[PDB]
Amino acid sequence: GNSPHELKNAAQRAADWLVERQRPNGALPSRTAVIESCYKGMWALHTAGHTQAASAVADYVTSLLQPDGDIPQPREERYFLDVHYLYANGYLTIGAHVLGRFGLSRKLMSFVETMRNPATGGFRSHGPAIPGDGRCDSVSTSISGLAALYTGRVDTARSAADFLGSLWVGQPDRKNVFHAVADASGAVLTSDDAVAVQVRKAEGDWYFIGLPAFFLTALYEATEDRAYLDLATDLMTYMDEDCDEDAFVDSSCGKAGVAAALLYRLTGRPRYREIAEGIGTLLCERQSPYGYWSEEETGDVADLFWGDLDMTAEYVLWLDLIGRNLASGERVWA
């Protein structure tokens, strides 16, 4: 595979591509003005050293911030309304905090906490303005727990991990389907309108497993509580041995790649290095010659569909995180 330096080089070229096209108000170059086009922008650009561009995204995000600490608009994609509303808020919180925008991160994180279910520790899938039944999903919960870790709200993160453990233990038929959603009481939801990963098919949505694995590994690093490492380990084993090969190939495999790279640094287990290396190389090989990522776009374009802009920022982050955990893991274990 490719070396940590090569993975980082790919991330930097994509970051440069984004910053060259950033708008004067700080928005990233999306064909639609929606928060789901740039929610990873602060954190990704900061990791690439583009701190003025990252702070410009913070300025743009601050201009959207409502008195309750939410960014309810502009939102268009249904997954950011009633599947995992808080997916945007979680990365916004992390990016703001690492930038030292402590007022923005406090306000964002305090809103995120209002959508926690205090009975289960899960985080509600649908936003305040979106009618729903109080269901909570693995992605809202994992990203909110990760934002809790970055902002030092470790008890909130521990509670999120409790929910993930209940969701995992409660699976009715895990060898065929991962039901990523629970009802407001914590029972796993199997209705057709609830996210379900067909683990024996090559149809994506693997990040509903991979993001929990990454969060739980970071929580273990923060706490040294082996219960969290055990659950992250079980989820990685699930993806590696019970899931279709698409789990480490689909566009959403970066989350599992990052979890694997962190688990390698913490445990030294070579399978984790192999998983992270393979995913990092795959993402590197799919990069356009210009710097962005897209499964369809092939030209020298000035902007991107929101999903490709999000993917481009996401892969800046995943390649950086994989690269630094592989490099330090090699120093520690090899």
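Note that residue numbering follows the sequence shown and begins at 1.
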item: Which of 130-138 and 209-217 has higher mean CA B factor, as the PDB entry lists it; value: 130-138
item: Per the entry, higher mean C-alpha B factor between 245-253 and 227-235; value: 245-253
item: Residue with maximal Cα B-factor (values as given in the PDB entry) among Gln198, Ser125, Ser144, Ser105; value: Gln198
item: CA B-factor placement of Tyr264, once the chain's modelled residues are sorted into thirds; value: lowest
item: B-factor third for the C-alpha atom of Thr151 within its chain; value: lowest
item: B-factor third for the C-alpha atom of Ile35 within its chain; value: middle
item: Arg78 - Cα temperature factor, lowest/middle/highest third of chain; value: highest
item: Assigned third (lowest, middle, highest) for the C-alpha B factor of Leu309; value: lowest
